[PDB]
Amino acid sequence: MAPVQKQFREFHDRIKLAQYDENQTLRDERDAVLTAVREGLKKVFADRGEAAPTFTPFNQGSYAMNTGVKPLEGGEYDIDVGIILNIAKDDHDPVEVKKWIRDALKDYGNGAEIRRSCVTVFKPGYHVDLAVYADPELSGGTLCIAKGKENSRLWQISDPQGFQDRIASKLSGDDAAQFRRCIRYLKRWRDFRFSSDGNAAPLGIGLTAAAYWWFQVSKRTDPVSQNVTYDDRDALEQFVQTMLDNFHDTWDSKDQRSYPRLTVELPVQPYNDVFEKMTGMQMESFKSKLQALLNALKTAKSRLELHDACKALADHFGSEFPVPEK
């Protein structure tokens, strides 16, 4: 077993959050927001003179892909759900349709809010982000998400279940488990070292897509027993170095200088750069902290003392990274 593998697996155990199918609590919080939309829509459509539209819900995001992490103390769960309304996208404005859902949830928890890509409702210790889609069968065979706010706004081609399939299918078995561990590690790093400025933080979706493009398994197969051991430290070092290698200096005509930018395309529609909202200064800070993480992964490998190796990693992963006593 590689040095520090035991402590990576212990760290993983402490940061992992059980996915929808293994987590009764998340399923119940999800279903309650779903019920409140159904109840809420009757009331919105009472002023319309016809039944509220039917919708089909589906799991989205980290809790659907088994890449979920516990928030830091006083952080929030992010429950992602898709609802496909039984409507023709050409019959309705996307902000109009998001309004139905916001107004539906006006009286649920602390409030409801139309965002660029979802309706978000707030409750004690978590939010539910509802992605709102039109019916493909009524919309010319495309699944489209309702994009835009009052301050803008279209039906954008979307493929959340294709993205979910891509993450599930890249690898299998214990290879796929390492891939998922390494996404979770970077999400905890994100939470620990980008707490000062939430806005500057790389999105979980961006770390996940980066892993889809660039993650490689690190394992060894004993030449005697063929017993297999994983090396998460090494897989992370190769992955972080590959991400660093894909930053490009990008000219900014306003500032008259370049900023390093990492472009990470979603591998399904709409194939957008998931990091496009990050500013050049945020990208420079992202790159510098990634390089500092890479340097710690390399220092960990060479330390005489397991204590010193684990301390070097704890400095980037936070208080759940085990540090054995010297």
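Here, rigid core means the biggest group of C-alpha atoms that superpose within 1.5 Å across both forms. One-based numbering along the sequence shown.
Root mean square Cα distance to the shown form, taken over structures and residues in 7 other deposited structures of this protein after a core fit, is higher for 248 to 256 when 248 to 256 and 180 to 188 are compared. Displacement analysis by core superposition in 7 other deposited structures of this protein ranks 44 to 52 above the other of 44 to 52 and 31 to 39 in root-mean-square C-alpha distance from the shown form. Where coordinates are absent for parts of the deposited sequence, a chain break appears; between neighbours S152 and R153 it spans 4 to 9 residues. As the entry records it, the average C-alpha temperature factor is higher for 70 to 78, out of 70 to 78 and 201 to 209.
Here 87 to 95 and 173 to 181 are compared by their mean Cα B-factor, and 87 to 95 comes out higher. For the set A134, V128, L244, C118, the PDB entry assigns the largest Cα B-factor to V128. As recorded in the PDB entry, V33 shows the highest C-alpha B-factor of the residues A296, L266, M65, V33. In the PDB entry, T54 places in the highest third of its chain by CA B-factor. Placement of the Cα temperature factor of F45 within the chain: highest third of the modelled residues, per the deposited record. The entry lists a Cα temperature factor for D249 that places it in the middle third of the chain's modelled residues. Split the chain's modelled residues into thirds by C-alpha temperature factor. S218 is in the lowest one. Among all modelled residues in its chain, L304 ranks in the highest third by Cα B-factor.
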